[PDB]
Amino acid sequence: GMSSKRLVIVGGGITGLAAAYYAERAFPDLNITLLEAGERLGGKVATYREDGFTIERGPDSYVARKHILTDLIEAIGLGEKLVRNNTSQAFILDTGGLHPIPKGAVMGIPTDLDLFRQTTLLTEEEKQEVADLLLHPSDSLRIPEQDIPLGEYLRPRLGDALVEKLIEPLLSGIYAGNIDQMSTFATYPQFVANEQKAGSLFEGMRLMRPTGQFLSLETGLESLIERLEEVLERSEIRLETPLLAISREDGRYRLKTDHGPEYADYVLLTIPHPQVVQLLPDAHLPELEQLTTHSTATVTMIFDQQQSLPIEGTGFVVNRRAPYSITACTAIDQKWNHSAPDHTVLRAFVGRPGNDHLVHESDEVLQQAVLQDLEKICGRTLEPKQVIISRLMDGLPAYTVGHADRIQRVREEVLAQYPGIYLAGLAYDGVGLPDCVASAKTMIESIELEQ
């Protein structure tokens, strides 16, 4: 039966709850305790579910192709609630107004020049320049052997205008990252693979030429959190119990909390990475000290069903140069059939790296900024019936070239200074829900080798 040894999982978001699920199965004889600092499980995942609404406060969905989360959802009995996103028309907002996303393009890279050059997003001259670059690529281009930033890869092939006006805001989406720092190999390795096969970027994207790509749940993403807790059979969940310190107990660890210590043999930290650095002072973790973040607010406005749709499609992304506080907005009721059946619901995002001060301001200042933006964008006065504001402090890390190797080195240092302490979550192996689930599964698995 039960071993003397104990696993403590720290953080009750998706990474920590997934970790407990997988730990229950991998180690029938190991004791499992989960410490969550706040009043609830779920971390960033939270769903507003009153008055027949199902409106996401944090992540709204996940990439279906990352099927580990689909598999978890099925295994725990939630498969029947899976819904896909509707596709219709999306837009880029810049200083020149609301432009439809150009047709004839894969990830903003033109594959049909005639259709693409109908766009108003670039000037005629910029369009001619994109065409000349695509059809007549320089012999001086070289396929990158080592990883380089996306912007360094893309700018010489496509020019600055297309990268700035279309690709960056398209590919960054609600996350708002900087195209010029993100890794090429870790984000879009198929660009390079296809270029190498087709001999040019334009013909590489043409190999890739063609119900949306995303999954959520009818009962809301928070129902996933709730079901995970429910299917745990022996893990002890302690809410309102932040981990405050880690000390050595002759090979084991003493974990300090407000209500007395927990003793552990294995510790999985799934909490924000700057708390990792502070909790593990004998570990030299500059990689984690230099991993930056920004904060995001979501501001959701519920309107009585509208005769003139405020946005004529699923939503828009905003060019960072334009005079707006919002970085993106979604017509939730257009994108998700289940969320708000008899209403018009808009969800705006606010916050970029190096520019997120609005997120720390009051609800009235945040709301007013979002309202002004939309009233200008939509042409008219808008009178929301209800507003739901959520704030995801330090929520998005900026992964740059060499991240994955830096995280390997962080993990080796932690294992060498604190044997039995493992890390998982959004700082490490990908920001998205499925990446975090995988992060949890792989770290649980690797404890399995070490017993």
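Throughout, we count residues from 1 along the sequence that is shown.
According to the PDB record, 96 to 104 carries the higher mean C-alpha B-factor of the two stretches 96 to 104 and 130 to 138.
In this entry, 339 to 347 has the higher mean Cα B-factor, the comparison being between 266 to 274 and 339 to 347. The PDB entry assigns its highest CA temperature factor, among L162, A328, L366, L221, to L366. When the C-alpha B factors of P156, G79, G251, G173 are read from the deposited coordinates, the top value falls at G173. Ranked by C-alpha B-factor against the other modelled residues of its chain, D29 falls in the highest third. For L415, the recorded CA B-factor ranks within the highest third of the chain. Only modelled residues enter the ranking. Per the deposited record, the Cα B-factor of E36 falls in the lowest third when ranked against the other modelled residues of its chain. Compared with the other modelled residues of the chain, the Cα B-factor recorded for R321 ranks in the middle third. When the modelled residues of the chain are ordered by their C-alpha B factor, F202 lands in the lowest third.
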